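Notes follow the structure.
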There are 2 protein chains.
Amino acid sequence: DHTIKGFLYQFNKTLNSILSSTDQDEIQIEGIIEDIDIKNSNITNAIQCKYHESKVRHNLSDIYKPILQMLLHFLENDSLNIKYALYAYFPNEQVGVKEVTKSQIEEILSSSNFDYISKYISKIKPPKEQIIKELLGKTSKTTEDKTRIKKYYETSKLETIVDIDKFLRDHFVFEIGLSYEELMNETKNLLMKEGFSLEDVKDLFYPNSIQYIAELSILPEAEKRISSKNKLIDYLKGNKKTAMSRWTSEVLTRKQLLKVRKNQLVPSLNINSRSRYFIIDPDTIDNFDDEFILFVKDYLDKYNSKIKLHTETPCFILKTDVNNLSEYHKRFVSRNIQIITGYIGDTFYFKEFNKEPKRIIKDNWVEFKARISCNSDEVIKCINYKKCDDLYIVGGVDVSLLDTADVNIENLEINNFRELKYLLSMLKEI
Amino acid sequence: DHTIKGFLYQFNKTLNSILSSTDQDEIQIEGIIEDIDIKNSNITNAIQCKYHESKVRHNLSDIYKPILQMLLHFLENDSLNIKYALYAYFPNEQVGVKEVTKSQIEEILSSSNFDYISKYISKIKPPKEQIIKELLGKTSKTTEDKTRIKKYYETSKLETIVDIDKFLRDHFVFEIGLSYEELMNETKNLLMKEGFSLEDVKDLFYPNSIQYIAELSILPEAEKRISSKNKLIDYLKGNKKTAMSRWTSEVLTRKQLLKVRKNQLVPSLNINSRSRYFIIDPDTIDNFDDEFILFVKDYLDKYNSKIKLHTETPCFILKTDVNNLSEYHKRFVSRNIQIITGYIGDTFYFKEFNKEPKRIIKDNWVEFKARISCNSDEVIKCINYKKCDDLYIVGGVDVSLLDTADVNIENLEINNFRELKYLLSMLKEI
């Protein structure tokens, strides 16, 4: 349980660093240098997380390994502007920056543990004897070799290549961290400052952030582990928005959602001279063949009846083949509704489809009242040439090849023509 | 990263065990016996979790320590009806129950590792020499004592007190676990089996459950680590209900203030010949670049449509640079909307921004329909030269350089375009 608590403390510290950082700071979770690698414009901050709740008092031996690791990293990366930070929590130690003297560092380099001597102290303090160098270079070391190396490092006075004074002065800082509960509370209070309520943080934001940190920690690729405050904020906001929308939905019944959508669509539909394009999937509407003609007839009776006020011609695009379009054209002709399709046989014509109808107000005559065609490439290019004020999609038709920049798109979720007549304000009640 | 991934795998296994368990089962996270302790009416199930993603092939030595610990626990608790389970994942091993033979167990008891011999093998196989017993009883053991114990246990044949056959037959089971991704997917599948949705599980339920498992894991008190499926389900449902109620109720007050502000704003918006200026900061409006053109379009259809009645041109002042203004001008021209920016290249012109549009009523033509520029000093001077009737500020933009004497200032506090449309009486309901 202690290891789990330490990992949770490290995750909370990483989250606190992410929240406290600026938008220009890149922070690597489980970074190459240490647990937290904060990369600024010119200074890289490395933070090592340690949890020692079970230790009554802080001892120098408790931080031998992280200090040696940071010393070795500084020795290998002295030219880099990397600031090493040691974040350890002790229950009986005052929270704040704790100074580590050069004598303490020298005491660390004199530790009798063979593992530290072989790993970090050997590189920090190279052995002057070539025999000891060969012994340290062995991949597998016997007990006699380990004892010889330990005795040599305990008895020999070796110079330190690492600039201890410069490291402690510039590239090192030791801070006594807060408790796990205090760190969690501080992280939550940081989440207050981003505009999130207490209940929202307790229920959604904090667990989501912890899960995000844990998921980024397990990624083997270092590049994929780089995160930022803006990315986390955007992810949390997107999750909150999706949850809000989903939970606001599924509570009302079909009629209430349809009424809300109708009230949404009414203002754009009360305009006499607006251009409206429809994209319809026939398979998503029950009894499409037997009801398509009547729907268009009522649509023209409502929105294309006044010769002087209604000046724009609706365009109906269907997901079908040309032969079905010819059949619909025949049925429209039989009902005295004048439409154009742009097709002569099987060949599309740009100029026959893009033309505007002629009007004689005295005769109440319009050359054609609607455009009906299939969703071929040529038709979509024609649509792209002349953008529409409102674009309606029925049935989730793929509109990827349409250029929908600065075009008002209104998705409609229906399964019969009565619902469509309700949405387009052609019926008073379903 | 490997340890974090293993701990997450253990948490996922614990969550899966909790979900799969019945309402009468009490499950202890980080239990006394093993990581997962499932206590039924008469049988206690102990599960040990191991993660070996980095190991190509499963080896008997990979499971020496858990089997030895579990055998020692069975020896110390033989009278208890405890069914011990080992749950380890290997990438190249088939998922399912894997049998462990008595010969393999005997090989484990013959391991040469001193730690295992001193901790578990010694208790399982007591030494027949009193000297070895005294050496094993020492709290601190020297290297010579370790070597002597290792040699004695490697050379001497010792009987096994633990009933290996009965243990393997009844109280032992070894199962090859799924991968971390597969285990997470199975846990999520179990999560929707309780009546939840996939999006709800992904966003709220799974992170909350993982956080709950992690929090219960670190509790030092064993009793506080006891959990059940019913408790977790109730906690998740309560969190979901609380978040639902909060996100449904907090919007009511916001909407009431928005309605009050709308009612304050309406009286001025109904006059057909008022000059209205907008000062907007794009950073405080979501999706500004995608939706700015459409908002201006609807504003012109609402308040600058009638050529005979609408005689004042709206002015939109943005907080951007010249290049963004040029891009916006491109996008406006692409949509058949005539605006003036006062900029030719990178030079502002006073007379190009202060001119009044020409009107041909017969042709329904106005030279330009809006003024759009940036908040430069010259533009501020221009708008100060010709004062407006209503000055709307969106985003708390600094207006220190403006002459606000005898000018009606109306601060609007929004965060998206729908709220602005609702306040400006171009939407009926948000």
Side-chain angles (χ1 to χ4, degrees), chain A residues 48 50 52 55 59-76 100 102-162 164 167, chain B residues 59 61-62 64-65 68 107-123 125 127 129-156 158:
Chain A
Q48 173 72 244
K50 295 295 176 200
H52 290 133
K55 299 187 178 180
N59 291 314
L60 196 70
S61 60
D62 305 326
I63 54 172
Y64 278 177
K65 183 181 176 186
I67 282 184
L68 283 168
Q69 284 181 305
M70 294 182 286
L71 276 166
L72 177 53
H73 195 282
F74 175 65
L75 176 64
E76 291 176 355
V100 180
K102 185 177 185 163
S103 52
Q104 284 173 317
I105 298 293
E106 288 181 349
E107 188 177 8
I108 301 159
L109 295 171
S110 64
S111 176
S112 63
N113 199 332
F114 171 74
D115 189 77
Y116 298 156
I117 290 169
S118 183
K119 282 179 178 164
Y120 321 118
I121 306 179
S122 65
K123 297 184 174 190
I124 295 163
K125 289 183 172 181
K128 292 184 176 180
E129 289 187 1
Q130 198 71 16
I131 297 171
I132 308 290
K133 259 181 177 172
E134 289 179 358
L135 287 171
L136 284 162
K138 282 181 175 179
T139 48
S140 296
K141 298 169 186 169
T142 67
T143 314
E144 208 176 19
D145 303 324
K146 299 184 179 188
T147 306
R148 200 178 189 172
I149 291 165
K150 183 178 174 177
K151 207 173 189 175
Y152 176 84
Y153 270 89
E154 279 174 356
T155 54
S156 308
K157 277 189 173 184
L158 295 168
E159 287 174 349
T160 308
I161 301 181
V162 190
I164 300 170
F167 169 75
Chain B
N59 290 314
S61 60
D62 307 326
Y64 277 178
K65 182 180 176 187
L68 282 168
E107 187 179 6
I108 299 161
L109 289 173
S110 66
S111 177
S112 63
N113 199 331
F114 168 74
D115 189 77
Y116 299 158
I117 288 169
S118 182
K119 283 180 177 166
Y120 325 117
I121 303 180
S122 65
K123 296 184 173 189
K125 287 183 170 179
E129 290 187 2
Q130 198 72 18
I131 299 170
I132 309 292
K133 256 181 177 172
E134 288 180 357
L135 289 175
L136 285 161
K138 284 181 176 179
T139 49
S140 297
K141 298 169 187 168
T142 68
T143 313
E144 209 175 20
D145 302 326
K146 301 184 178 188
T147 305
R148 203 176 189 173
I149 292 164
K150 184 177 175 178
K151 208 173 189 174
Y152 174 80
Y153 272 86
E154 279 174 356
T155 51
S156 305
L158 295 166

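Scope of the values below: all heavy atoms of this structure, side chains included, with no hydrogens, waters or symmetry mates. Every chain is numbered from 1 and lettered A, B, ... according to where its sequence line falls, protein lines coming before strand lines.
With sequence neighbours left out, B/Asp62 forms a side chain to side chain donor-acceptor pair (under 3.5 Å) with B/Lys55. Shown here are the side-chain contact (heavy atoms from CB on, under 4.5 Å) partners of A/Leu60, two or more places apart in sequence or in another chain: A/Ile63, A/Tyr64, A/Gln104, A/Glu107, A/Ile108. Considering only residues two or more places apart in sequence or on other chains, A/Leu71 meets the side-chain contact (heavy atoms from CB on, under 4.5 Å) condition with A/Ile67, A/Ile105, A/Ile124, A/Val162, A/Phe167. Not a single side chain to side chain donor-acceptor pair (under 3.5 Å) links B/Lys123 to another residue, sequence neighbours left out. Applying the side-chain contact (heavy atoms from CB on, under 4.5 Å) rule to A/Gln69 yields the partners A/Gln48, A/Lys65, A/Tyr120; only residues at least two apart in sequence or on another chain are considered. Checked against salt bridge (charged side-chain N to carboxylate O under 4.0 Å, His left out), B/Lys119 has the following partners two or more places apart in sequence or in another chain: B/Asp115. Every residue meeting the side-chain contact (heavy atoms from CB on, under 4.5 Å) condition with B/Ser112, not counting sequence neighbours, appears here in chain and number order: B/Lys150, B/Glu154.
Within the 4.5 Å cutoff, no side-chain heavy atoms of A/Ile131 are placed close to those of A/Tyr152. Side-chain contact between A/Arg148 and A/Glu144 is absent, with no heavy atoms from C-beta onward closer than 4.5 Å.
Separating the OG atom in B/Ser122 from the CD1 atom in B/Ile149 is a distance of 8.5 Å, to the nearest 0.5 Å. Going from atom CD1 of A/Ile164 over to atom NZ of A/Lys102 covers 5.5 Å, rounded to the nearest 0.5 Å. Of the inter-residue distances, the one linking B/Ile121 atom CD1 with B/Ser110 atom OG reads 7.5 Å to the nearest 0.5 angstrom. Interatomic distance, A/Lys125 NZ to A/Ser156 OG, rounded to the nearest 0.5 Å: 10.5 Å.
In this structure a side-chain-to-backbone donor-acceptor pair under 3.5 Å is missing from A/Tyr153 to A/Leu158.
Listed by first then second residue, pairs satisfying side chain to side chain donor-acceptor pair (under 3.5 Å) with a partner in residues 132-143 of chain A read A/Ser118-A/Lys141, A/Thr142-A/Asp145, not counting sequence neighbours.
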Between B/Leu109 and B/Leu68, does a side-chain contact (heavy atoms from CB on, under 4.5 Å) hold up when you go through it step by step? CA-CA 8 Å; B/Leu109 289 173; B/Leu68 282 168; 3.7 Å; yes

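The shortest non-hydrogen separation linking B/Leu136 to B/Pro127 is CD1-CG, 3.9 Å.
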